[PDB]
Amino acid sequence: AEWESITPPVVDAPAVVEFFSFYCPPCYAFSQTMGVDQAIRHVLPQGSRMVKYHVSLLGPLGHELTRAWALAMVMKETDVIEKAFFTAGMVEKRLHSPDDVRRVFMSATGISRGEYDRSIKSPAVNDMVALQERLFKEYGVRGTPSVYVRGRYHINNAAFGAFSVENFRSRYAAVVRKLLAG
């Protein structure tokens, strides 16, 4: 059950923040196969939110995915986009080029080619890319997945033990739950 205070804290932080990458196997596991993200959402106090931010440093398409995610966030389509990009990469192994990124985004959302091309570079998406890169530095992010609670506690992924997905998930969420208490 381990975690470390970050310094300095982030003010006005969402209750839970997770920095992740579509190239990060444990991120794939948290989101898509082990139900850790879901178990965390399940202990969110009323009114609190979990927000996910993509990190650019990892992999060939790092920056393109971050911008694609920025677009998802602007459009309120993170749910379908998250599932789509993990399937495309981890599962199907067909995320190699910038055209792939746009193709998967369009297929998941139904957005048109022309709207994607105009939107992907919109001021609002530009802002959301800025925000992701800004917060990477403020939270002191060092890798992925990096889960932060109330802008002050960084969960230590490497401090949990279990023989099963089910115990691992429960113990990870138990610690997040504890840190959300108040």
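Counting begins at 1, following the sequence as shown.
Between the stretches 138-146 and 120-128, it is 120-128 that shows the larger average CA temperature factor. Taking the PDB entry as given, 103-111 carries the higher mean Cα B factor of the two stretches 67-75 and 103-111.
Of the candidates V36, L58, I155, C27, the one whose C-alpha carries the top B factor in the deposited record is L58. In this PDB entry, the Cα temperature factor of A88 sits in the middle third of its chain's modelled residues. In the PDB entry, a CA B factor belonging to the lowest third of its chain's modelled residues is recorded for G62. When all modelled residues of the chain are sorted by CA temperature factor, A1 is found within the highest third. In this PDB entry, the Cα temperature factor of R41 sits in the middle third of its chain's modelled residues. When the CA B factors of the chain's modelled residues are split into thirds, the value for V176 lands in the lowest one.
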